[PDB]
Structures are given as C-alpha cells and as structure tokens.
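What follows is structure29.cif (mmCIF, C-alpha atoms and all ligand atoms).
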data_protein
#
loop_
_atom_site.label_atom_id
_atom_site.label_comp_id
_atom_site.auth_asym_id
_atom_site.auth_seq_id
_atom_site.Cartn_x
_atom_site.Cartn_y
_atom_site.Cartn_z
CA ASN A 7 -22.38 -13.81 14.53
CA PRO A 8 -20.68 -12.21 11.48
CA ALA A 9 -23.99 -11.25 9.79
CA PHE A 10 -22.87 -12.22 6.29
CA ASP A 11 -24.71 -13.95 3.45
CA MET A 12 -22.61 -17.03 2.71
CA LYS A 13 -24.15 -17.20 -0.78
CA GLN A 14 -21.84 -14.31 -1.67
CA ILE A 15 -18.89 -16.39 -0.46
CA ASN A 16 -19.84 -19.02 -3.04
CA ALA A 17 -20.26 -16.26 -5.63
CA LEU A 18 -16.87 -14.80 -4.69
CA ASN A 19 -15.17 -18.20 -4.91
CA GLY A 20 -16.84 -18.95 -8.25
CA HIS A 21 -15.75 -15.54 -9.51
CA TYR A 22 -12.09 -16.26 -8.75
CA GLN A 23 -12.26 -19.90 -9.86
CA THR A 24 -13.82 -18.96 -13.21
CA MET A 25 -10.92 -16.63 -14.04
CA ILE A 26 -8.49 -19.33 -12.90
CA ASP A 27 -10.12 -21.96 -15.11
CA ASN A 28 -10.12 -19.49 -18.02
CA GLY A 29 -6.40 -18.67 -17.75
CA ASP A 30 -7.06 -15.03 -16.81
CA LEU A 31 -5.75 -15.70 -13.29
CA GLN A 32 -3.20 -18.05 -11.75
CA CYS A 33 -4.23 -17.84 -8.09
CA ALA A 34 -6.31 -15.82 -5.63
CA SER A 35 -6.75 -15.56 -1.87
CA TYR A 36 -8.80 -13.37 0.44
CA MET A 37 -9.68 -12.84 4.09
CA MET A 38 -12.69 -11.01 5.53
CA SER A 39 -13.64 -10.21 9.12
CA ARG A 40 -16.52 -8.70 11.09
CA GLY A 41 -15.70 -7.05 14.41
CA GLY A 42 -12.12 -8.28 14.20
CA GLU A 43 -13.13 -11.95 13.80
CA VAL A 44 -12.16 -13.64 10.53
CA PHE A 45 -15.15 -15.69 9.39
CA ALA A 46 -14.18 -16.46 5.78
CA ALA A 47 -10.76 -17.10 4.24
CA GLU A 48 -9.81 -19.05 1.13
CA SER A 49 -6.94 -19.49 -1.33
CA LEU A 50 -7.55 -20.69 -4.89
CA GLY A 51 -5.33 -22.09 -7.62
CA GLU A 52 -1.58 -22.51 -7.96
CA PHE A 53 1.38 -20.51 -9.24
CA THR A 54 4.36 -21.37 -11.44
CA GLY A 55 7.28 -20.19 -9.33
CA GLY A 56 8.72 -23.66 -9.03
CA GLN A 57 8.35 -24.26 -12.79
CA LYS A 58 6.62 -27.66 -13.15
CA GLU A 59 4.78 -29.20 -10.20
CA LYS A 60 2.80 -26.02 -9.67
CA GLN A 61 3.02 -24.71 -6.12
CA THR A 62 -0.28 -24.57 -4.25
CA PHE A 63 -1.38 -21.07 -3.29
CA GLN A 64 -2.01 -21.04 0.46
CA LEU A 65 -3.26 -18.52 2.99
CA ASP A 66 0.20 -18.04 4.55
CA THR A 67 1.94 -17.69 1.18
CA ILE A 68 4.36 -14.75 1.05
CA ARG A 69 4.13 -12.22 -1.78
CA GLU A 70 5.14 -8.64 -2.52
CA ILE A 71 2.52 -6.06 -1.57
CA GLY A 72 3.70 -3.31 -3.92
CA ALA A 73 2.39 0.14 -3.01
CA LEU A 74 0.92 -1.23 0.22
CA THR A 75 4.46 -0.64 1.50
CA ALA A 76 3.64 3.08 1.36
CA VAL A 77 1.01 2.46 4.05
CA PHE A 78 3.82 1.25 6.31
CA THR A 79 5.70 4.43 5.39
CA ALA A 80 2.71 6.61 6.29
CA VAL A 81 2.49 4.98 9.73
CA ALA A 82 6.19 5.62 10.35
CA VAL A 83 5.88 9.30 9.40
CA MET A 84 2.89 9.78 11.71
CA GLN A 85 4.75 7.97 14.49
CA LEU A 86 7.50 10.59 14.24
CA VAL A 87 4.87 13.33 14.41
CA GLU A 88 3.57 11.74 17.62
CA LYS A 89 7.09 11.89 19.08
CA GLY A 90 7.60 15.52 18.04
CA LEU A 91 10.42 14.71 15.61
CA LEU A 92 8.42 15.72 12.52
CA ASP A 93 5.64 18.13 11.59
CA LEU A 94 3.58 17.77 8.42
CA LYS A 95 3.97 21.50 7.72
CA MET A 96 7.77 21.21 7.66
CA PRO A 97 9.17 22.17 4.24
CA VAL A 98 11.16 19.34 2.70
CA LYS A 99 14.05 21.72 1.95
CA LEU A 100 14.70 22.05 5.70
CA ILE A 101 15.64 18.35 5.71
CA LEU A 102 16.87 17.88 2.12
CA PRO A 103 18.86 20.98 1.08
CA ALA A 104 18.54 19.94 -2.57
CA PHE A 105 14.86 20.97 -2.38
CA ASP A 106 15.92 24.60 -1.73
CA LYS A 107 15.03 25.69 -5.25
CA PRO A 108 11.95 27.05 -7.07
CA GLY A 109 8.97 24.72 -7.04
CA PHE A 110 10.55 22.15 -4.74
CA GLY A 111 11.02 24.78 -2.01
CA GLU A 112 7.25 24.82 -1.44
CA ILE A 113 6.89 21.05 -0.95
CA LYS A 114 5.99 20.20 2.65
CA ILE A 115 5.79 16.77 4.25
CA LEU A 116 1.99 17.04 4.17
CA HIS A 117 2.09 17.30 0.36
CA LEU A 118 4.06 14.05 0.08
CA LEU A 119 1.64 12.20 2.37
CA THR A 120 -1.35 13.29 0.26
CA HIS A 121 0.20 13.12 -3.25
CA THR A 122 -0.29 16.88 -3.69
CA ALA A 123 3.39 17.84 -4.04
CA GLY A 124 3.02 18.01 -7.83
CA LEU A 125 5.45 15.12 -8.38
CA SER A 126 5.00 12.83 -11.35
CA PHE A 127 4.20 9.14 -10.92
CA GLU A 128 7.82 8.05 -11.44
CA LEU A 129 11.28 9.15 -12.54
CA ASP A 130 12.95 8.43 -15.88
CA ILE A 131 15.36 5.61 -15.04
CA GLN A 132 16.90 5.17 -18.51
CA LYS A 133 17.68 8.91 -18.66
CA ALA A 134 19.87 8.92 -15.52
CA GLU A 135 22.96 7.22 -16.94
CA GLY A 136 26.12 7.79 -14.92
CA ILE A 137 24.42 8.38 -11.55
CA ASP A 138 23.90 6.05 -8.59
CA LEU A 139 20.15 5.80 -8.01
CA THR A 140 20.88 3.74 -4.89
CA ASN A 141 22.67 6.68 -3.27
CA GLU A 142 20.28 9.04 -1.50
CA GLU A 143 21.99 12.32 -2.40
CA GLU A 144 22.50 11.51 -6.08
CA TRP A 145 18.92 10.24 -6.39
CA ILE A 146 17.49 13.46 -4.94
CA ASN A 147 19.68 15.69 -7.12
CA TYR A 148 18.44 13.88 -10.23
CA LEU A 149 14.88 14.18 -8.88
CA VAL A 150 15.08 17.97 -8.49
CA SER A 151 16.75 17.98 -11.91
CA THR A 152 13.31 16.74 -13.15
CA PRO A 153 10.54 19.29 -13.78
CA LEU A 154 7.66 19.26 -11.33
CA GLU A 155 4.47 18.13 -13.02
CA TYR A 156 2.02 20.36 -11.12
CA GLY A 157 2.29 23.08 -8.52
CA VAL A 158 1.93 22.23 -4.85
CA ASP A 159 -1.68 21.77 -3.70
CA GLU A 160 -2.81 22.07 -7.33
CA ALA A 161 -3.68 18.45 -8.20
CA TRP A 162 -3.82 14.97 -6.71
CA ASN A 163 -1.37 12.71 -8.57
CA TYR A 164 -0.19 9.42 -7.10
CA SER A 165 3.61 9.47 -6.94
CA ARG A 166 5.85 6.55 -6.03
CA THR A 167 8.80 8.94 -5.65
CA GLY A 168 6.92 11.05 -3.11
CA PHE A 169 7.01 8.26 -0.53
CA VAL A 170 10.62 7.36 -1.32
CA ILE A 171 11.34 10.94 -0.22
CA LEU A 172 9.38 10.29 2.98
CA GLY A 173 11.51 7.20 3.61
CA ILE A 174 14.63 9.33 3.19
CA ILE A 175 13.18 11.89 5.62
CA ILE A 176 12.46 9.10 8.10
CA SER A 177 16.10 8.03 7.84
CA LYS A 178 17.58 11.52 8.23
CA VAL A 179 15.60 12.47 11.36
CA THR A 180 15.69 9.14 13.22
CA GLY A 181 19.35 8.42 12.48
CA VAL A 182 18.56 4.83 11.46
CA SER A 183 17.78 3.40 8.04
CA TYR A 184 14.16 3.42 6.87
CA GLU A 185 14.00 -0.38 6.75
CA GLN A 186 15.47 -0.54 10.27
CA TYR A 187 12.79 1.79 11.64
CA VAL A 188 9.81 0.09 9.98
CA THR A 189 11.00 -3.35 11.09
CA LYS A 190 11.33 -2.38 14.76
CA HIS A 191 8.49 0.11 15.21
CA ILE A 192 5.84 -1.35 12.88
CA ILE A 193 6.56 -4.90 11.70
CA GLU A 194 7.73 -6.24 15.06
CA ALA A 195 5.60 -3.83 17.11
CA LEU A 196 2.39 -4.99 15.42
CA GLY A 197 3.45 -8.64 15.67
CA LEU A 198 3.64 -9.36 11.94
CA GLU A 199 4.73 -12.98 11.56
CA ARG A 200 5.53 -13.23 7.82
CA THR A 201 6.37 -9.67 6.74
CA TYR A 202 9.90 -8.91 5.55
CA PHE A 203 11.79 -6.37 3.51
CA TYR A 204 13.99 -9.34 2.53
CA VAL A 205 12.72 -12.90 2.87
CA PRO A 206 15.06 -15.29 4.73
CA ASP A 207 16.36 -18.14 2.60
CA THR A 208 14.45 -20.69 4.70
CA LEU A 209 11.15 -19.12 3.57
CA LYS A 210 11.90 -18.22 -0.07
CA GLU A 211 10.27 -21.39 -1.41
CA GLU A 212 7.03 -20.26 0.29
CA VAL A 213 6.96 -17.01 -1.72
CA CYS A 214 4.48 -16.87 -4.58
CA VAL A 215 6.17 -15.81 -7.83
CA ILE A 216 4.44 -15.81 -11.22
CA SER A 217 7.27 -14.37 -13.36
CA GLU A 218 10.99 -15.06 -13.15
CA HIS A 219 11.41 -11.28 -13.02
CA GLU A 220 10.00 -11.68 -9.50
CA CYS A 221 12.07 -14.82 -8.87
CA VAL A 222 15.30 -12.88 -9.37
CA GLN A 223 14.02 -9.88 -7.37
CA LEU A 224 13.46 -12.17 -4.37
CA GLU A 225 17.22 -12.70 -3.93
CA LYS A 226 18.17 -8.99 -3.93
CA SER A 227 19.16 -7.14 -0.76
CA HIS A 228 18.26 -3.64 -2.01
CA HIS A 229 15.72 -1.99 -4.30
CA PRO A 230 16.98 -1.90 -7.91
CA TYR A 231 16.06 1.69 -8.83
CA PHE A 232 15.13 3.36 -5.52
CA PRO A 233 17.45 4.39 -2.66
CA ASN A 234 15.03 2.72 -0.22
CA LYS A 235 12.01 0.41 -0.13
CA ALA A 236 9.61 3.07 1.18
CA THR A 237 7.04 2.98 -1.64
CA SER A 238 7.40 -0.71 -2.62
CA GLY A 239 9.54 -3.68 -1.69
CA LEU A 240 7.82 -5.34 1.26
CA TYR A 241 6.90 -9.02 1.32
CA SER A 242 3.90 -9.97 3.46
CA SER A 243 0.85 -12.23 3.71
CA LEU A 244 -2.92 -11.92 4.07
CA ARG A 245 -2.88 -12.31 7.86
CA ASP A 246 -0.33 -9.52 8.26
CA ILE A 247 -2.06 -7.14 5.83
CA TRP A 248 -5.31 -7.94 7.64
CA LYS A 249 -3.65 -7.07 10.96
CA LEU A 250 -2.45 -3.76 9.50
CA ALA A 251 -5.92 -2.88 8.22
CA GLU A 252 -7.52 -3.83 11.55
CA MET A 253 -5.02 -1.56 13.33
CA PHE A 254 -6.42 1.43 11.44
CA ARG A 255 -10.04 0.35 11.99
CA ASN A 256 -9.42 0.10 15.74
CA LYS A 257 -7.74 3.55 15.59
CA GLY A 258 -4.10 2.69 16.13
CA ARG A 259 -4.11 -0.43 18.33
CA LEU A 260 -4.54 -4.17 17.82
CA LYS A 261 -5.30 -6.01 21.07
CA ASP A 262 -2.33 -5.08 23.27
CA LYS A 263 -0.11 -3.68 20.49
CA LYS A 264 -0.53 0.07 19.97
CA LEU A 265 1.05 1.66 16.89
CA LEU A 266 -0.66 5.07 16.86
CA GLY A 267 -2.91 7.19 19.02
CA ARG A 268 -6.59 7.14 18.16
CA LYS A 269 -6.54 10.88 17.44
CA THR A 270 -3.65 10.37 15.01
CA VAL A 271 -5.53 7.69 13.07
CA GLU A 272 -8.63 9.89 12.86
CA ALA A 273 -6.55 12.59 11.16
CA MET A 274 -5.08 9.97 8.82
CA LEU A 275 -8.57 8.70 7.94
CA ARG A 276 -10.23 12.06 7.25
CA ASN A 277 -10.07 13.66 3.82
CA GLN A 278 -7.03 15.90 3.35
CA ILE A 279 -7.54 17.01 -0.27
CA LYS A 280 -8.89 20.49 -0.92
CA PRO A 281 -12.23 20.43 -2.78
CA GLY A 282 -12.30 20.99 -6.53
CA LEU A 283 -8.77 19.74 -7.18
CA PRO A 284 -8.34 17.50 -10.24
CA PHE A 285 -7.24 13.90 -9.72
CA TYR A 286 -4.73 12.12 -11.96
CA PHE A 287 -3.48 8.53 -11.83
CA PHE A 288 -0.79 7.08 -14.12
CA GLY A 289 -1.10 9.80 -16.75
CA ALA A 290 -4.90 9.60 -16.88
CA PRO A 291 -7.56 11.60 -15.03
CA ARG A 292 -9.16 9.83 -12.07
CA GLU A 293 -12.49 10.38 -10.35
CA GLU A 294 -12.24 12.71 -7.38
CA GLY A 295 -12.34 11.07 -3.97
CA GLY A 296 -11.17 11.43 -0.41
CA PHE A 297 -7.52 10.81 0.44
CA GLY A 298 -6.11 10.93 3.96
CA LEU A 299 -2.58 10.95 5.36
CA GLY A 300 -1.11 8.21 3.20
CA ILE A 301 -4.40 6.27 3.23
CA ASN A 302 -6.90 6.19 0.37
CA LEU A 303 -10.56 6.95 1.08
CA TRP A 304 -11.68 5.98 -2.45
CA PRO A 305 -13.45 4.08 -3.92
CA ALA A 306 -16.32 4.51 -1.44
CA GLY A 307 -19.85 5.85 -1.53
CA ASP A 308 -21.22 6.95 -4.92
CA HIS A 309 -22.36 3.82 -6.82
CA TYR A 310 -19.98 1.59 -4.84
CA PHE A 311 -21.33 -0.67 -2.10
CA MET A 312 -18.53 0.29 0.30
CA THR A 313 -19.81 2.75 2.90
CA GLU A 314 -18.64 6.35 2.83
CA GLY A 315 -15.58 6.42 5.07
CA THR A 316 -14.12 3.11 3.84
CA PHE A 317 -10.34 3.50 3.79
CA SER A 318 -8.16 1.41 1.53
CA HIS A 319 -5.01 1.12 -0.58
CA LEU A 320 -4.03 -0.98 -3.58
CA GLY A 321 -0.70 -2.51 -4.51
CA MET A 322 0.71 -3.83 -7.77
CA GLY A 323 0.81 -7.61 -7.70
CA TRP A 324 -2.01 -7.27 -7.29
CA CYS A 325 -3.27 -6.92 -3.72
CA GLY A 326 -5.44 -4.65 -1.63
CA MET A 327 -6.90 -3.93 1.79
CA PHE A 328 -10.37 -2.49 2.37
CA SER A 329 -11.90 -1.75 5.78
CA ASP A 330 -15.39 -0.39 6.46
CA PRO A 331 -15.59 1.25 9.92
CA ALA A 332 -19.37 1.63 9.67
CA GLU A 333 -19.71 -2.17 9.33
CA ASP A 334 -16.66 -3.21 11.40
CA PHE A 335 -15.77 -5.01 8.17
CA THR A 336 -12.31 -5.64 6.69
CA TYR A 337 -11.40 -7.36 3.42
CA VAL A 338 -7.89 -8.12 2.15
CA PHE A 339 -6.97 -10.10 -0.96
CA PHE A 340 -4.08 -11.42 -3.03
CA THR A 341 -4.69 -11.56 -6.80
CA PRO A 342 -1.30 -12.30 -8.39
CA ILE A 343 -1.46 -11.01 -11.96
CA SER A 344 0.94 -9.28 -14.35
CA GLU A 345 -1.63 -6.82 -15.76
CA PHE A 346 -4.29 -4.80 -13.99
CA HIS A 347 -7.76 -6.15 -14.74
CA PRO A 348 -10.63 -4.51 -12.80
CA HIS A 349 -12.66 -7.73 -13.02
CA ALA A 350 -10.05 -9.39 -10.78
CA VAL A 351 -9.09 -6.47 -8.50
CA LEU A 352 -12.15 -4.22 -8.13
CA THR A 353 -15.17 -6.32 -9.15
CA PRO A 354 -14.91 -8.73 -6.14
CA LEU A 355 -15.48 -5.69 -3.91
CA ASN A 356 -19.06 -5.58 -5.22
CA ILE A 357 -19.49 -9.29 -4.47
CA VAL A 358 -18.04 -9.01 -0.96
CA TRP A 359 -19.95 -5.94 0.22
CA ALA A 360 -23.20 -7.31 -1.22
CA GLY A 361 -23.04 -10.07 1.41
CA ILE A 362 -22.87 -7.79 4.44
CA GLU A 363 -26.03 -8.01 6.55
CA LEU A 364 -27.26 -6.13 9.61
CA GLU A 365 -24.73 -6.46 12.43
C1 LIG A 401 -8.11 3.24 -7.03
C2 LIG A 401 -6.75 3.58 -7.64
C3 LIG A 401 -6.37 2.54 -8.69
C4 LIG A 401 -7.51 2.13 -9.61
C5 LIG A 401 -7.04 1.14 -10.67
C6 LIG A 401 -6.45 1.90 -11.86
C7 LIG A 401 -5.41 1.47 -12.54
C8 LIG A 401 -4.93 2.35 -13.70
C9 LIG A 401 -3.98 2.10 -14.58
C10 LIG A 401 -3.08 0.86 -14.68
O1 LIG A 401 -3.71 -0.29 -14.20
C11 LIG A 401 -1.77 1.10 -13.92
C12 LIG A 401 -1.13 -0.20 -13.42
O2 LIG A 401 -0.91 -1.06 -14.50
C13 LIG A 401 0.20 0.09 -12.73
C14 LIG A 401 0.37 1.58 -12.43
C15 LIG A 401 0.24 2.01 -11.19
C16 LIG A 401 -0.10 1.01 -10.09
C17 LIG A 401 -0.18 1.38 -8.84
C18 LIG A 401 -0.52 0.34 -7.77
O3 LIG A 401 0.45 0.36 -6.77
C19 LIG A 401 -1.89 0.67 -7.17
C20 LIG A 401 -1.84 2.00 -6.43
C21 LIG A 401 -2.93 2.74 -6.33
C22 LIG A 401 -2.89 4.07 -5.59
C23 LIG A 401 -3.86 4.97 -5.63
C24 LIG A 401 -5.15 4.82 -6.44
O4 LIG A 401 -5.65 5.80 -6.89
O5 LIG A 401 -5.78 3.59 -6.63
#
What would you get if you wrote out this structure as structure tokens?
Ligand SMILES: C[C@@H]1CCC/C=C/C=C\[C@H](O)C[C@@H](O)C/C=C\C=C\[C@@H](O)C/C=C/C=C\C(=O)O1
Amino acid sequence: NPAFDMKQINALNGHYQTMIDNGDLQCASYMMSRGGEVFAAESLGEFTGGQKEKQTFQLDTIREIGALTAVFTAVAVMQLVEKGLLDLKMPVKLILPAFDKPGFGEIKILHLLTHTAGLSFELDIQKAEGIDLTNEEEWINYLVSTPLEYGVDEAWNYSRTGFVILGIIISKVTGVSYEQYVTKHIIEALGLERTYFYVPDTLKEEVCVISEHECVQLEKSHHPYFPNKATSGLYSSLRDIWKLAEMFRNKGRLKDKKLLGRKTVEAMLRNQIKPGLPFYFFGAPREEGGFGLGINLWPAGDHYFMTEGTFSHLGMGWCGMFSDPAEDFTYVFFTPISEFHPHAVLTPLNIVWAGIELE
C-alpha cells in the first residue's frame, strides 16, 4: 500500500539510535506518509527536562518548531491576499511609515516573503539599549536605524526579522494581534490539536526541553526580543506539523478543512527567486535553489534523492518538514539538539527517500 522499503526504516531507526547511544543526540522522532496515510512513525530516546528520571520522548511530545513558525506566517499573509486585504506588490512603507526612507522604501511584501528584501539575518540586540524591543513602533525604528545588507531583489538571504515585519503587517491590516489571527484562522481552522503560541500549564510537563534556557522560555507569555512570535515561538508536535505539510501537498485543504485555494498554494510552491542571484545563509554563501512564497524548495533535485519540486522548511531545535508531491510523500521529524549537525538533520533525508518505491 505505501510502497516503501521497510529496510530503510530499520536503517533510519539505527541511524538515530546510534547517535543517541553515542551521546550526540538525546532524542529523535519522525513521521512519514504516502498518499496522506501515515505508515511509519517512531520516537527514540529520552530528554532531560525533568532533571533525573529522564522523560520518555513520545510522538505527541510538544516542542518548539523554531523557524517553522514562519510557515504559519506565510499562510496568514497569503490568506489576506485571498481576501483582498493585502497585495504582495504593496510597498512596506504604505503600512509602516518608518520604511519611508532610502533603501527601505523599495521593500515590498513580496520581498519579505522570499527573503529578497536585503535584510540581514538578525538585529543587534545588545546594541539597542534604552529601547523597548517588545513595542512594535520602537522595534521598527531601530530596524530602519540598521543598514540594509543588500539591495532589494539583489540576493537571497534568510532573515528572521523579515517575517517579524510580516507579522506586524498582519496585525495592522486585520486589526487583531498576529497570534490571535494565526490561532483562529490557521491553528484552529486546520484542526491542530497540540499547537500553541503559549502552552497551557496542564500540558507543560509534556513539552520536551533539553536545556533550562528552554525550560524558562516555556513560562513566558511574550517573545523576549521580538515584538511578535511571527518568525519563531510556536510549540507544536509531529502530527500537527505533518498536517500542515499535507495541507500544502493537497494544495490548501486537508479533508474538510480548507486553508488556502489551490491556485494560491501553486504560487507559493513555485520558484520566486530571479535566476543568477547569490544565496547567503547565516553569513555564509549557500547553494542556489528554488524558494517560493515563504516556503523553501531546496534541497531538492541535484544529487539529493528528493524529487525536484519537493518543498520544505527547517527550524532550529531542530525540526523539519519535507513533502514530495511527485511521490505523494511527506516526512516530518523532531531532532532536539543544541547545535546543528547535518548528520542528524539532513542525512536522514537520504535514508528516508532511498526507501520510496513505485507507487
Ligand atoms: C537548508 C537551509 C539550512 C541548511 C543548514 C545550514 C545551517 C548553517 C549554519 C548553522 O547551522 C546555523 C544554525 O546554527 C542556526 C542559524 C540559523 C538557523 C535557522 C533555522 O531556523 C533553520 C532555517 C532555515 C531556513 C532556510 C534554509 O536555507 O535552510
């Protein structure tokens, strides 16, 4: 039925368990599906969030998704385009008057969705003493006080701040807070069971935490250095992230719950970057690849086993969602780790896609 070589499931499990036995990894969990039917799901290891008596890592365990929150932000922006409240060609300065200045006056909403607005990866937090980074207006004024890194449409550079701006734009046009909109129109609309901007106290002991820096961040009611939680701050689980990825693969709907039109998702899933533009990620050059409307189309093709057209996104944590429309295949994973190690985040993608057989 799923057309999958189960020997690669044993290889995938042994790959995660080996890193767990070696101390390179505390826990790991994944979930893969063919044609919308989950045929393999597993959680490995434990985590030290409860100090001693290590908490078992389960499939419904809650954990931050990091930059996967930006995928929720991209859906919200495109929902407002569907309603006629936003247009991707709108200059940001028409909504945020602080952008009415050289350089920033050319940034359109489309540039923020595709990381082509020239913004740097982050803002200098320790250099903004005496300003309230939680306030929207004072955060934007310090942002436009910062030099733009590249010109608009001149380079692809992943920017966390770019999607915080989108969350502010969502709030200014809808009249409700960003977190209020995403909760009603995406989280509840898609039927996400264990996805929260702020975990209720009854469920906090079911949240996986590997560093007490995350244990203290679980009890906060607002983002520490961002005016909103538009680029990171969501807590979720494998089943919910899998539902979100399957919504894109089915072009905007999941069973009876429709989040976007199928023509909207097609535009989000096609490449939006002009050819020949250089790609940068975290101060280092990155290989060029397709990037849609808030959705990543890379890695795919080339030497990778993922078919050309595979959309994805990664989140610090780490976590990730990968869906192959050509194979009706979706793979989501939780790999809690404090450093990025490609052997734990990217290498299992080779193991997983090597098991796909003829549908
Ligand atoms: C495919 C790429 C990511 C490939 C992996 C490269 C990692 C490079 C350097 C360090 O690990 C950086 C890491 O410590 C923390 C810094 C940024 C983390 C961002 C996460 O929210 C993942 C977001 C990826 C977005 C686009 C992309 O372009 O994803």
Taking all atoms listed in the file into account, report as a PyMOL selection string which residues have an atom no farther than 8 Å from an atom of ligand LIG 401 (chain A). chain A and resi 72-74+164+287-288+290+292+302+304-305+319-322+324+345-348+352
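Distances to residue 262 in chain A were evaluated for A:143, A:111, A:18, A:197 using all atoms listed in the file, and the minimum falls at A:197.
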Do a neighbour search on residue 66 in chain A at 10 Å with only C-alpha atoms, toss out local chain neighbours closer than 4 positions, and write the hits as a PDB file with C-alpha atoms, in the frame of the given file.
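Generated output (selection.pdb):
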ATOM      1  CA  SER A  35      -6.750 -15.560  -1.870  1.00  0.00           C
ATOM      2  CA  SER A  49      -6.940 -19.490  -1.330  1.00  0.00           C
ATOM      3  CA  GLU A 199       4.730 -12.980  11.560  1.00  0.00           C
ATOM      4  CA  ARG A 200       5.530 -13.230   7.820  1.00  0.00           C
ATOM      5  CA  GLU A 212       7.030 -20.260   0.290  1.00  0.00           C
ATOM      6  CA  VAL A 213       6.960 -17.010  -1.720  1.00  0.00           C
ATOM      7  CA  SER A 242       3.900  -9.970   3.460  1.00  0.00           C
ATOM      8  CA  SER A 243       0.850 -12.230   3.710  1.00  0.00           C
ATOM      9  CA  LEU A 244      -2.920 -11.920   4.070  1.00  0.00           C
ATOM     10  CA  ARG A 245      -2.880 -12.310   7.860  1.00  0.00           C
ATOM     11  CA  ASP A 246      -0.330  -9.520   8.260  1.00  0.00           C
TER      12      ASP A 246
END
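With all atoms listed in the file taken into account, the protein and nucleic acid residues at most 10 Å from residue 184 in chain A (excluding it and anything under 2 positions from it in its own chain) are residues 79, 82, 170, 172, 173, 174, 175, 176, 177, 178, 180, 181, 182, 186, 187, 188, 189, 234, 235 and 236 of chain A.
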Residue 229 in chain A surroundings by only C-alpha atoms, 9 Å radius, close-in-sequence under 3 positions cut, as number ranges by chain: A: 140, 223, 226, 232-235, 238-239
Keeping only C-alpha atoms, write those residues as a short mmCIF file (atom, residue, chain, number, x, y, z; two decimals), in the frame of the given file.
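Ended up saving to part26.cif:
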data_model
loop_
_atom_site.label_atom_id
_atom_site.label_comp_id
_atom_site.auth_asym_id
_atom_site.auth_seq_id
_atom_site.Cartn_x
_atom_site.Cartn_y
_atom_site.Cartn_z
CA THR A 140 20.88 3.74 -4.89
CA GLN A 223 14.02 -9.88 -7.37
CA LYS A 226 18.17 -8.99 -3.93
CA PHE A 232 15.13 3.36 -5.52
CA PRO A 233 17.45 4.39 -2.66
CA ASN A 234 15.03 2.72 -0.22
CA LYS A 235 12.01 0.41 -0.13
CA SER A 238 7.40 -0.71 -2.62
CA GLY A 239 9.54 -3.68 -1.69
#
How big is the axis-aligned box, and where does its centre sit, when it encloses all atoms of range 122-136 of chain A listed in the file and has 4 Å added on every side, reported in Å to one decimal as AutoDock Vina command-line options?
--center_x 12.9 --center_y 11.6 --center_z -11.2 --size_x 34.4 --size_y 20.8 --size_z 23.0
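Here CA of residue 224 in chain A and CA of residue 204 in chain A stand 7.5 Å from one another.
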One decimal, in Å: what's the spacing between CA of residue 70 in chain A and CA of residue 240 in chain A? 5.7 Å
Determine the nearest neighbour of residue 116 in chain A from the options A:221, A:92, A:9, A:325, counting all atoms listed in the file.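 Distance minimum relative to residue 116 in chain A lands on A:92.
CA of residue 249 in chain A is positioned 24.8 Å from CA of residue 53 in chain A.
Among A:363, A:211, A:314, A:27, the residue with the shortest atom-to-atom distance to residue 276 in chain A, counting all atoms listed in the file, is A:314.
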Pick out the closest residue to residue 106 in chain A from this set: A:146, A:17, A:364, A:193. Count all atoms listed in the file.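 For residue 106 in chain A, the nearest of the given residues is A:146.
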If we count all atoms listed in the file, what is near residue 358 in chain A at a cut-off of 9 Å, once residues fewer than 3 positions away on the same chain are taken out, given as a PyMOL selection string? chain A and resi 14-15+17-18+38+337+354-355+361-362
Using only C-alpha atoms, which protein or nucleic acid residues come within 9 Å of residue 21 in chain A? Drop anything in the same chain fewer than 5 positions from it, and give the result as JSON, numbers by chain. {"A": [16, 26, 350, 354, 357]}
Let me make sure I understand: among A:205, A:37, A:97, A:248, which one has the smallest atom-to-atom distance to residue 227 in chain A if we use only C-alpha atoms?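 Using only C-alpha atoms, the shortest distance to residue 227 in chain A belongs to A:205.
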Which is closer to residue 323 in chain A than all the others in A:271, A:101, A:216, A:134, using all atoms listed in the file?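 Closest candidate: A:216.
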Reconstruct N, CA and C atoms of range 206-218 of chain A; output as a compact mmCIF listing (two decimals), keeping the file's coordinate frame.
# COMPACT_ATOMS: atom_id res chain seq x y z
N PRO A 206 13.97 -14.36 4.42
CA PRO A 206 15.06 -15.29 4.73
C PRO A 206 15.04 -16.48 3.79
N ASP A 207 16.22 -17.06 3.57
CA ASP A 207 16.36 -18.14 2.60
C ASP A 207 15.51 -19.35 2.97
N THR A 208 15.27 -19.56 4.27
CA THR A 208 14.45 -20.69 4.70
C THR A 208 13.00 -20.57 4.26
N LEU A 209 12.54 -19.36 3.92
CA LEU A 209 11.15 -19.12 3.57
C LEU A 209 10.96 -18.73 2.11
N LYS A 210 12.02 -18.71 1.31
CA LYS A 210 11.90 -18.22 -0.07
C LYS A 210 11.07 -19.16 -0.93
N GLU A 211 11.08 -20.46 -0.64
CA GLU A 211 10.27 -21.39 -1.41
C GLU A 211 8.79 -21.29 -1.08
N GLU A 212 8.42 -20.52 -0.05
CA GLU A 212 7.03 -20.26 0.29
C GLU A 212 6.54 -18.93 -0.27
N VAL A 213 7.34 -18.27 -1.10
CA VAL A 213 6.96 -17.01 -1.72
C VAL A 213 6.32 -17.30 -3.06
N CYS A 214 5.16 -16.70 -3.31
CA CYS A 214 4.48 -16.87 -4.58
C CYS A 214 5.10 -15.96 -5.63
N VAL A 215 5.54 -16.55 -6.74
CA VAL A 215 6.17 -15.81 -7.83
C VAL A 215 5.60 -16.33 -9.14
N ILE A 216 5.07 -15.43 -9.96
CA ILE A 216 4.44 -15.81 -11.22
C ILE A 216 5.29 -15.47 -12.44
N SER A 217 6.33 -14.66 -12.28
CA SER A 217 7.27 -14.37 -13.36
C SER A 217 8.68 -14.41 -12.80
N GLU A 218 9.60 -14.98 -13.58
CA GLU A 218 10.99 -15.06 -13.15
C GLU A 218 11.62 -13.69 -12.94
